[PDB]
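To begin, one chain is listed below as structure tokens, in the form deposited in one PDB entry.
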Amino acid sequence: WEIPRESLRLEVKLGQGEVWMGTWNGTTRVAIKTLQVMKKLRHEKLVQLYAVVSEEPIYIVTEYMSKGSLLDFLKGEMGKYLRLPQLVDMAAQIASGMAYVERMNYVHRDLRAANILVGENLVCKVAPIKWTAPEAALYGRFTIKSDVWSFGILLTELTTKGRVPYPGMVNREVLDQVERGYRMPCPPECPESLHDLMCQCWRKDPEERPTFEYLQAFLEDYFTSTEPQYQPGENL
């Protein structure tokens, strides 16, 4: 995994450590973060670790995802063009990455659009009270099932093309309201069967939420099994 410092050219700054777009061995575009899990986990929908410089000032090198975060993507020029089949297909890739995390007995803890990265041809990869399950926020009970909750929130980000969840509510009010059984209602033009899936992710009992294997399968099959008569509307 170790590479020499001179094999990395840092080209454009992408964020603040810091995140750059660069070159690896004068051949390969890569993303670069500046001054053990990513070595074990390997999957087509998880952002891939390429290399490390493991003595301060430390450098982590991964595959470059040309579109930045899914939040930026949904809120940019492309948002107006995405429709439900594009958003459902992205949701299905994320579930797929999360199905892997599930299978490896890992927990993400901060699943939401800002932590999904997007590439060419809409490849999406896995890389906060409004996104956090009640039992995680209240009791520190983070599990694969609290990720499932967050994934339901992320479904609403996809279907609103990036709007903040619970419009108008502050954090305390979200937590107070969600404890009373409040759930976001169907987004405009979003089919009820898709909002029903959200509502499954948001079940009070963590054990009653579906697996990511289930979510992935459901979303892959969406347009044949669940909405065979779907027609594109003005926004979805």
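Throughout, we count residues from 1 along the sequence that is shown. Between two forms, the rigid core is defined as the largest C-alpha subset superposing within 1.5 Å.
Here the subject shifts to the form deposited in another entry, a form of this protein not shown in this document.
For the residue set 11, 220, 213, 227, core-aligned C-alpha shifts between this form and the one not shown reach 2 angstroms or more at a single site, 11. For residue 188, a C-alpha deviation below 2 angstroms is recorded between this form and the one not shown after rigid-core alignment. Once the rigid core is used as the reference frame, the Cα position of residue 27 differs between this form and the one not shown by 2 Å or more.
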